[PDB]
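Worksheet for the structure shown next.
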Amino acid sequence: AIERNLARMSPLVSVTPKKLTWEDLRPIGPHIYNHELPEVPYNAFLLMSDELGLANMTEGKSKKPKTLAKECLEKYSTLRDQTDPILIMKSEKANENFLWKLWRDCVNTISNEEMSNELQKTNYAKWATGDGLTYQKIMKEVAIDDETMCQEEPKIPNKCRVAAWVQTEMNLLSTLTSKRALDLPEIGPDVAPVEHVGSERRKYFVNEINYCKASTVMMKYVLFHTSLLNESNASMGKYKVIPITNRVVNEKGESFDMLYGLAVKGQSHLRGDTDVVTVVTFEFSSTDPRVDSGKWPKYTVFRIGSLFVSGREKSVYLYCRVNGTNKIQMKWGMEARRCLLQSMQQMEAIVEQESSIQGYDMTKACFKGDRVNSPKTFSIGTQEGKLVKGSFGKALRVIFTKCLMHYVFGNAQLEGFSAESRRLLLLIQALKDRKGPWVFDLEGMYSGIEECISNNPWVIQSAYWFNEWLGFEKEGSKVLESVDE
Amino acid sequence: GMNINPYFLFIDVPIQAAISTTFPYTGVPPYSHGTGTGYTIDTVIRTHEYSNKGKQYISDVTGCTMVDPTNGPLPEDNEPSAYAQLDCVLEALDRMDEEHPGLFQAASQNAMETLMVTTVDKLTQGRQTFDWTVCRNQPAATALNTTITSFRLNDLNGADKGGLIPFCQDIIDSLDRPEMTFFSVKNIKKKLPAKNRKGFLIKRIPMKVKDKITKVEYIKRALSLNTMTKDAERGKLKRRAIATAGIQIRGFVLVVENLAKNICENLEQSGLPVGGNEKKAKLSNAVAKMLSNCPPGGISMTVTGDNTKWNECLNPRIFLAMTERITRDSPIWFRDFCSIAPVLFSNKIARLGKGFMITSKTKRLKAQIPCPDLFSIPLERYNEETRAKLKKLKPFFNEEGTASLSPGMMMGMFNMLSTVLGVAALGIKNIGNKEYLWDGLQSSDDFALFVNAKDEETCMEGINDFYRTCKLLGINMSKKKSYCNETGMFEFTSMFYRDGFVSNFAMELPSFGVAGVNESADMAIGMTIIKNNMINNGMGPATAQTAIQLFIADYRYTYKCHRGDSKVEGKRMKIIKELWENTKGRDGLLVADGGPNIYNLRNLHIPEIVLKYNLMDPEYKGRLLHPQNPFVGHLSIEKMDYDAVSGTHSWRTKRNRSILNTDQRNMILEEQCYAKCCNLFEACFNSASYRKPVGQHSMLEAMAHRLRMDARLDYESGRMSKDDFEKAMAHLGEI
Amino acid sequence: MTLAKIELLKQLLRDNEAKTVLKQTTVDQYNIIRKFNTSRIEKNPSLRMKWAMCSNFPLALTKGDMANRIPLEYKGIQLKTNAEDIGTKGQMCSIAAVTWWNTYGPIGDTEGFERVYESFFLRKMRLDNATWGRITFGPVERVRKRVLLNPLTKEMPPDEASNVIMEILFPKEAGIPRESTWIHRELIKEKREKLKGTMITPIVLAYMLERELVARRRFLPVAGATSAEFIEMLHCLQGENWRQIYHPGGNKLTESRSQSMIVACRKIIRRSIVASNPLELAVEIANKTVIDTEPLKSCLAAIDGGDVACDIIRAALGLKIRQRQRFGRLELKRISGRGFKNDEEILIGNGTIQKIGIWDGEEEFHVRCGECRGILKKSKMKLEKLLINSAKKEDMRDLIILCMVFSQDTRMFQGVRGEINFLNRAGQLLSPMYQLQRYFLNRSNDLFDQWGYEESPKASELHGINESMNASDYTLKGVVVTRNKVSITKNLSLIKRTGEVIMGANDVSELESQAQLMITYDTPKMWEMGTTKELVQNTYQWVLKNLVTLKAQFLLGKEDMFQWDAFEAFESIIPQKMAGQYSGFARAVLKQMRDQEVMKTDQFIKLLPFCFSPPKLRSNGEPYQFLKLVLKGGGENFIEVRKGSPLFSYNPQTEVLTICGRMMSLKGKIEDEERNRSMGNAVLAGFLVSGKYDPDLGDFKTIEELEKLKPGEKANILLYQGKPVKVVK
RNA sequence: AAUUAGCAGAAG
RNA sequence: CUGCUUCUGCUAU
RNA sequence: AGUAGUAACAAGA
Ligand SMILES: [Mg+2]
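As given, the protein sequences belong to chains A, B and C, one line each in that order. Its first residue numbered 238, the first sequence is counted upward by one per residue in the authors' numbering. Mind the numbering: the second sequence is residues 0 to 637, 653 to 749 in the authors' numbering, read in order. Mind the numbering: the third sequence is residues 1 to 484, 496 to 740 in the authors' numbering, read in order.
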């Protein structure tokens, strides 16, 4: 009966197999090249590569964050004693006067003799946190009669093109700095030789990962989300000034405390897990927003003075922004240190594979090289059209920055893009192995990806990077045609 | 100007080796905000869209608009198709019964032997059950208990016979009742003064009353599913709807899933119910056997596939025929019992969630339009997509807020029987005696096909024939998510085979956090997770030591238990610094008491108090390991309480579930009454928490006989005086 | 406190709701009403833990006089909650109250922790009294196997162990006395002695007893050490690319030492048999072999038992051979006999076909089981004689059962009327004879029926018993209850003083099993006793490392670099009949690539380790042809000549070699004009490439079509998927 | 050669 | 208003 | 405003 019911079935019900060639692969996401779409704006929580840390060399005392912000502002007394705003940029539905009065309220609250960092419910506080903006709930009969109460359409995420700052965030957070920021606790003493091998590998891996900019940004996110959840549960019906802070150790072993700005937690009666608390963030920076003007249409940028980091003199700007978060992003921000692990294992496995080819532990031969082994170099990125090979620790830092930006810009679009582009990565790998892959509906496979590219900066930059790398693979594949023919 | 490309790691590394970078599981999973009426209505519409060419009719039991796609016309295009031909299903089961002789009768004998011993407490092993007496979601034991105490009013006492079979007999004897009577819960909506925008507060105090429903409303409630949306689903862009069956359904689904589990255990070409390294060894053995089975000089292709619309195109009218053909030798009562469940799944009525919310923007108002009152407003007061969906829902929308859902398998409680159907599609292996042969692997809706032939055009003919065959059984292979390469690298249920399965570290990465039960159990859980990922997930020694450090840092920042020599301040760090300065042997302090970490790789399976037992001060060990510490609730008869052995870091956190503006007086008192009765029963019978007590008699009679015998043995052995014995028997005579 | 429970019951029955709950709930529905919960359990425990620690009082106190020791304020910190919230709510406290208890709390006795957590204290003792060895960096082939996680003393099945635990802790409400009470009353009365006056909650004692008694077996990836003393430290033991030697503490059993001794002797003989003078290399490896603490000669000295391999290694070292074998409970000693195992397609009693090992010849054994003796005499698939002594009746029953199964008679196969599992749940290959042995213990009455009966013998001391196990009239066919120096060779054969051999190197079994303890070979090149993929990967690494010397001495010399010590280890995983054929093919292909100037380096690396054994050609002085080169063990283990393989792959563009997964780079050791050279000149022997794809000669010829050609006849050959070439002999 | 629930994580 | 199944892990609230 | 994202929170389950 199966062969009977396969002869009265139409020939239009088929699987339509198609042999996949290299020229069959088009670039994913074409609308990101269209110049009639706006550049994708910066929509992270805190500043990452444009951060400015006011240092204060403390004397071994984790006393209080309010006292820490007070002492670090007492060291920079000129930025604290600014009472005149110099407006550089303004957001669209913003209010520069209320944001400046709230910054002055945060400065006058953090530098008093008191022991509490609470704000009052002024006009500017109730505007910037957002009070009474909930809709009133009425009964269903009155709304059934009311012909004005429609059901509002959802706002689809806007479509955006490749903004050139995401490459800058990748290039700068994957570089070495002079300060550490990781608070790694001690471990038990080593007895087995596995633990000696692990410690002598961990010294190399940590000394590459710890002294980099993404580790400082990661610890800033972790500590701010921890303090934010603490103040959200302890203080729900109060506006609280929370300083953005970090602890840093330079190459000399000297410990500094870096202040990165302040923040105003709104009213945080977070009953559900997707309920929003409004956080008004005031962050220091030294980047002029007039340079890249489309990067910041969400920020209000003042100027509060100058800073002599050396004999050179730089300017200092104050990025003000109304923002929000919920309980789940705070929990996953308290657990961001796992961005080490997903980046460490993926490199350490490679070391272990090399250790099973040569016969000895190849950590030093991979990272720095030794007598009978050249160091491991990985193809790391582009430079004016060509391909550049970088170091092992460079690739370790690039994978760490990738996992950190998976956390930072993570929403449903990054998940959908990741799955539907992994399904295409396996096809390109089957094309590189000379297995001869066959597809059945390639245009729908591409269309499942291209509906996830809306406004996420990491997704748009990842589609741009996919098209770049695919062009390099198509260029590289043109040597196999001379094999046995 | 060097510009970093993170995909260029894939130039030196293959994709399957570096697949852990393609899983963004350090980010936040997507959750659902708001209603779940839109995805439920779209599920109903898309289910009836692939089945609308079949026989539409009206059931004369309920009144719903039933749709029968089975034995319908054949498909004409590559759209999803639900018209499964019956003769092709029975012929595939003929092939699968020829190839494994005696399998069906052995599975039916084992399932019938398992059913004759199973009690009703098996129906307390569920997460959240749709309760029909409140039309809500209750837990499974609460839904079962309300059903039993409600069936006692309608003279259905078959739950006091102990077993499962008289309870299911009571279930199908409830459907032929003229009127049902049960226990409902209503509330008092008390008005209270307050100070906010609206002015007053609405306090909902619930209390339990007695209700009476008619016959057809009971048949509609007992066949109803409760629909919601699934949260934390990684790997998808848009959300989806899921459903929940009542207590009158799971009691029959258990037997059919047990039957299909007995069949699936003995099929070589499945992926259920194996799991873990067992499944990895089985799949590696199967891939090696299908790799050595290639002809000399041929080509073996591998299709990495996925089926689109698995719950939306399968049919319970095919599962009824599968339980009729599998149980072809069992007695007639077992065939009726095994045919009840796909009958109830072919008359299911989906409840449509919470409704839609309509807002007035200029007045700052909003309101919630429920599911019965859904069509009470004009369709111009909706969006575009909601207007289109409400226009498509109107033939099937019943006037009580539910909707008929005859085709499809929305609740999805047949993960093993659909695997049997997929293997029966895999067990055909040829069509028309052409020059190929296929063989595959099938978990519930994920397959992997292997086609050996002479050259790859013949392999493509075999793949086209497998697609056409799967169309005949209701299995639409997704042409967008499937691809086909040569043998050696494929993917099956997110297991990436590249000449052996590779190690994916990033999938089991969200388990590495502090699990959150108490301090001691979280330390044990975290070190065991690091140890097991070191065993079978490729986490090396350096990564595991770094994971020990990161777990200790997150543990200290969660439980506020930093090291006593550090300078961190808090409500706990005051006494932690005091304990650090008091203790002589500070290396024996636990990490929850502000101590040093001594965990490493070689001691991950030893707990925290055992590792630090010979480094402890005796005063700190006596204060920690106190048998009467008030943080661990002992087993006392409600002193003479038992000694709680574990430390003070095994405290309990009572999750005081109290809703806003809900005075939970009476729902606390009934739960307290049940807890008091069970506490006295466990006082009388001590092994009630180790072994399940059997017995078809009353708990008062069992306790009375146990106390009478206990007093009689305590009297004659001198432990009880004659006046105490007279008090005991004079009390027991008045009971 | 029975009277207090009676008074609580009288206080509870005057409340009209609990009265009707008690009077109507059956004891079977206690399990239902115990889990009665109105509110759902919260979704995230980690989010509620991170969110609940940032509150005033997250914990919950137990009301008593020990909770009142905590002060309501300690230096400004409110430890516990205020007592004005007591009424129908409860008392709560902060985590600072826990830390105050751990600092300034009342002291108590820590006797009860050490009793309950005795398993973890033993787990710690087995690691403190344990020495470590050395870590090695190299390939490790892990096999997924069901192993026991933790060591025990009395491994009992969980239903029997639950009945035993009920007979230890709750003996009044224990149920029906089963057979488990009888064979464990020593443990029951001993544990009831040791847990006599204790005040722990009895459910904690139940779970510490089931942690002491019940086994726990899981599917873990093991490689070379599967005992529960080595599985408890499996994370530190080996990885995918390293191996840490470990010598655990506590004590071990002689069964694991005998099993690992059998495995080590088998591996030594299997690696030894390809060498020149295999006896010398066999003794040389068997001297420096340590089974986890001690050499192999001490293990062969002290252990009663072994196999053919243990006896060959015993006689090689100069020890007395112990010709005692086992079939589970049946211990046997070969009086005289000579039998060889071949695979037979046996149909069994319920109608299933299985490849079972069946022996030949005619054999005589001294058999023993429990404390019963006997003498058995059999032939190929037939029991003939069995004279047993007088002992207990069930031990005699088991003895005759094991002699029936051991005889491999046709009746024993034809009596298996039931459900037999010749396979795992994960599709792994169980032993057929041990499965039939475990089946025929309790359900042997069908074997009693299908064996048959006959008369008794009527001699003096020959009386035959029946199924009643008494001296009855009709006995079973072949069963009578009667009341009453070697040498060693070069090829590892055990020849007598006269010349009739008893054991040879052809008689060792090829079940490549995993050892129970850890075997260590203190030798240079101890990787030659590894598995198949380890030997393939190590041999290809050795060819890659020495590629310049091998290439120069091949381009200069002729037959002085087909012989190396690495290829002697590589030959021991090529099967015996095809090794000479693979050698002739690969030697002809390599001589073809040298004599005419087309040279490929991937083919040279690929087909160089097959050029070790002497070439077995055809009957006219010409080699064989092959598509793939199949190696020992599993389905993945083959080397494709034209394609890539699971064990070998080559990327010509990136010049990257893949051996068993690991990627070496050939970029730097290659001829820079080799990508213009064709693969088909290094594909067959005598067949080269002259032209392009020509449909005027036919389709792509197979192996049998090419072996029967003539010099000059051209054919079409498909290298891989996409490249047809022409081929001339 | 063989060996009673609750909660969490992943996959489907 | 967080469904079903499988595997793993911890515990006996 | 804002978080966000096919529907909600921006206090009264
Ligand atoms: Mg799949």
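For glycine and all other residues, C-beta sits at the position ideal for the given N, C-alpha and C.
- For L376/C, DSSP records a beta bridge to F365/C and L386/C.
- For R575/A, the nearest beta carbon of chain B is closer than 7 Å to its own beta carbon.
- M642/A has no beta-bridge partner at all, per DSSP.
- Chain-order list of chain A residues neighbouring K50/C: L466, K568 and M571, by C-beta distance under 7 Å.
- The residues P526, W533, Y536, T537 and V538, in chain order, have a CB closer than 7 Å to that of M326/A in the same chain once the five nearest residues on each side in sequence are set aside.
- Secondary structure of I231/C (DSSP, three-state): helix.
- Between the alpha carbons of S444/C and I348/C lies a gap of roughly 15 Å.
- Per DSSP, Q319/A is not a residue of any alpha helix (DSSP H), being assigned neither H nor E.
- In this structure, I686/A and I265/A form a Cβ contact; the two beta carbons are roughly 5 Å apart against a cut-off of 8 Å.
- Not a single C-beta of chain A is nearer than 7 Å to the C-beta of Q78/C.
- One Cα belongs to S443/B, the other to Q595/A, and the distance between them is close to 44 Å.
- Ranked by Cα distance from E255/C, the options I530/C, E545/C, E280/C and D304/C are led by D304/C.
- Residue pairing from DSSP places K551/A in a beta bridge opposite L544/A.
- Within the stretch 512–538 of chain B, those residues whose Cβ lies closer than 7 Å to any Cβ of chain A are, in chain order, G512, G537 and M538.
- Taking a C-beta distance under 7 Å as the contact criterion, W332/B and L59/C do not qualify as a contact pair.
- In this structure, DSSP gives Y536/A a state outside helix and strand, which the three-state scheme calls coil.
- Segment contact: the stretch 252–263 of chain B against the stretch 308–326 of chain B, three or more CB-CB distances shorter than 8 Å; contact assigned.
- Taking 7 Å as the cut-off, the beta carbon of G461/B is found closer than this to the beta carbon of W437/B.
- For the stretch 580–594 of chain A, residues whose beta-carbon sits nearer than 8 Å to a beta-carbon of chain C comprise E589, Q590, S592, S593 and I594.
- Taking the C-beta atoms as reference points, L416/B is found no nearer than 7 Å to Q441/B.
- In this structure, DSSP gives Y104/C a helical state, which the three-state scheme calls helix.
- With fewer than 16 other Cβ atoms inside 10 Å of its own Cβ, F199/B counts as exposed.
- Chain order is used for the residues whose beta-carbon lies nearer than 5 Å to a heavy atom of ligand 1, namely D305/B and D445/B.
- Here the C-alpha atom of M459/B lies approximately 7 Å from the C-alpha atom of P254/A.
- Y496/B is bridged by DSSP to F489/B and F500/B.
- C-alpha of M376/A to C-alpha of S58/B: approximately 36 Å in a straight line.
- The continuous stretches of beta strand (DSSP E) do not include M571/A, which lies in the alpha helix (DSSP H) extending over residues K564 to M571.
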